[PDB]
Amino acid sequence: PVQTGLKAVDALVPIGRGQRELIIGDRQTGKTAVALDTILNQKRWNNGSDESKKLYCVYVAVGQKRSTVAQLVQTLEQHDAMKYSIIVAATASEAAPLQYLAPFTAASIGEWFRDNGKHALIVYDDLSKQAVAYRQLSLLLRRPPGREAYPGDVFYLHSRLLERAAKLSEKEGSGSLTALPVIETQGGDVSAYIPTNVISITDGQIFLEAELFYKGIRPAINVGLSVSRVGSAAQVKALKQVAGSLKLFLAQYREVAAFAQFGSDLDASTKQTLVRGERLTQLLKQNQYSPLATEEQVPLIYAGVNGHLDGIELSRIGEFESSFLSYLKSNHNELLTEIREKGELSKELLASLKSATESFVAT
Amino acid sequence: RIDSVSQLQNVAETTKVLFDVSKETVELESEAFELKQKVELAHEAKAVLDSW
Amino acid sequence: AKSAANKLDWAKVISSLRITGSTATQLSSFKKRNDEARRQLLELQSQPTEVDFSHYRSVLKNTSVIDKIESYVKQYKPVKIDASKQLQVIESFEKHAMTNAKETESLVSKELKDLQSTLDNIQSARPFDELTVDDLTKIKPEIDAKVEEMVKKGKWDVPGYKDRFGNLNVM
Ligand SMILES: Nc1ncnc2c1ncn2[C@@H]1O[C@H](COP(=O)(O)OP(=O)(O)OP(=O)(O)O)[C@@H](O)[C@H]1O
């Protein structure tokens, strides 16, 4: 697992070491914050001692402003990520073949950590400006454009970039490199020529739709679109035990999304699923710079799945999160250590967790 | 009335333990208050020496 | 070992189900939740409360103050002590509590067996189709008192009677 620390990411769309996942979205819709929260979540192991659990972060800003990269370095030194960060900056003041080159050189930086046994995460941000720089370099050398004037080999560019990232087996030293490219689309589109080439390389999408961030639900993962292909074989075992309904349950809630807009009175089952779906939608919100480790992602999702939230009003859920977390931090600390060590819920762990839920649920 | 009698059967025996252990868990954390003093002075020292 | 305290608190929560309208008792548990959730983040949040004289003093090449504020920390290294001052007042509060508790505990233990005795007396002493009203006068002089006052005032109407017991007359 690559524990991103977000609730909804590790709930629904898990990331494996060596699984190229795409963060696609729109302009000013919360794209960079997912990668930044993942880099800040890797502080759980970068302070630690085992190498094979550390996870080095290489953030590769292309096409962005100088001052944005300045604030991002300042952010990664507030929360102390700069003992393991590598910033490759190719800011938009500088000219085009620098931007054509800089993610590739950062992929060489990633391959150095890959061949030498260690594990490392890289974040391309954002390759829709790399293809801007590449169409600039191929429309100044008379090479004729293709569909929407990206030149005809622009599939090959993101190919030869993202294919230098996978999981090496034991024969080469069990190192890895995992990539999160970021694609800026145009108005919720998933069918221009560029975002239908990054999708046809990476192993899945986290489609950060603008409409949900317009309702403030940040991060705004559209659940029914965001999927991962080899995520499921590499999730933490505990979340895979207590969220095997959660994807199907949000699919169920998405089925009755447009059916309840009629305002018609319905049966009991759709009202039950509607209340639990609204509690889960309000539940997966998260403030900036607070990634929750998997040892705390399991009980919150566990309280979400098994109907315990249904007596609470909808506005209290945001403080229910921090209240139930501090309730488990003060009293049932041994359960959090069990989830930390074992990474798996046995039957006794499950019953103790159900008791510890129903305790705090009762008030 | 037998039921409303039988609910309060062993309750005083338990709330003479509730009382003590609850007030102990309340008032054994001014320890942590005087720990906080030692915390925040070292935080101020770390802040100014980072400025240095 | 705090889980015994919190387990007995939730035991008193499912026992404070029996008294709806708790004013500040759950608010007292809220205050212990407040500072107990505060103290754990306070102890996990801090660094080792010291200036790292090995690495972090050798950083500043033009040092001149790190030994000064090092000595200032070691001056205030006996920082400030707490207070378990309560050994006079807290014994008074638990004294009043244990007094009321033992009174209530012995009282309900008496009253349970008194109602069990009343149930046992009720089972074997209901001669309901053959009881004499003279025995009711003998068990209650309230009977004869109300009857005599009722004749002396003259309220021959018995109120509250016609509903469950019929008037039974011809008209
Ligand atoms: N969890 C959160 N808490 C608070 N603010 C958030 C959160 N997530 C996103 N935001 C807001 O989203 C805004 C933009 O964040 P972000 O940079 O990820 O968007 P973006 O589309 O990546 O922008 P750009 O593409 O220019 O980098 C920020 O101002 C931030 O305040």
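Calculation rules
Residues numbered from 1 in each chain as written, not as in the entry; some residues may be left out. Chains lettered and ligands numbered in written order. Part of a larger assembly, values for the part shown. Heavy atoms only, no water. Residues with missing side-chain atoms left out of burial classes, pairs and counts. Near = heavy atom within 4 Å. Polar contact = N/O pair within 3.5 Å; in protein donor to acceptor, adjacent residues only side chain to side chain. Areas by Shrake-Rupley, 256 points an atom, 1.4 Å probe, with all protein chains shown as cover. Nonpolar A, V, L, I, M, F, W, Y, C, P; charged D, E, K, R; others polar. Contact = heavy atoms within 4.5 Å. Buried area = accessible area lost by both parts, 1.4 Å probe. Salt bridge = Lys/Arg side-chain N within 4 Å of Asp/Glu carboxyl O. Helix = DSSP H or I, 4+ residues; strand = E, 2+ residues; numbered from the N terminus.

Method-wise, the PDB entry is recorded as coming from cryo-EM, at a reported resolution of 3.8 Å.

**Student:** Can you explain the site of the ligand? Please cite residues and give values.
**Tutor:** Residue and element names in this part refer to chain A. As a matter of local geometry, the ligand sits amid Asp-26, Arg-27, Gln-28, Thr-29, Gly-30, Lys-31, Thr-32, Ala-33, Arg-218, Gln-286, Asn-287 and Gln-288. For the ligand, an oxygen atom lies 2.8 Å from a polar atom in the side chain of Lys-31. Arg-218 has a polar side-chain atom sitting 3.5 Å from a nitrogen atom of the ligand. Across the complex, the protein chains shield 66% of the 620 Å² of accessible surface that the ligand would expose by itself. Partitioning the shell around the ligand into residue classes produces one nonpolar, seven polar and four charged.

**Student:** Before we move on, can you summarise the interface of chain B and chain C with the specific residues and values?
**Tutor:** Each side of the interface is counted separately: chain B has 39 residues, and chain C has 39 residues. In total, about 3,700 Å² of surface goes out of reach between chain B and chain C, with carbon and sulfur atoms giving 73% of it. If you sort the residues of chain B by the area they bury against chain C, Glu-29, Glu-34 and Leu-49 of chain B come out on top, with a joint share of 17%. The interface formed by chain B and chain C contains two salt bridges. Residue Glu-34 of chain B pairs with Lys-80 of chain C through a salt bridge whose shortest N-O separation is 3.0 Å. Linking chain B with chain C are eight residue pairs in polar contact, by the criterion used here. Counting residues per element, the ones that place at least two in the side of chain B that touches chain C are α1 (2-6), α2 (11-27) and α3 (30-51) of chain B.

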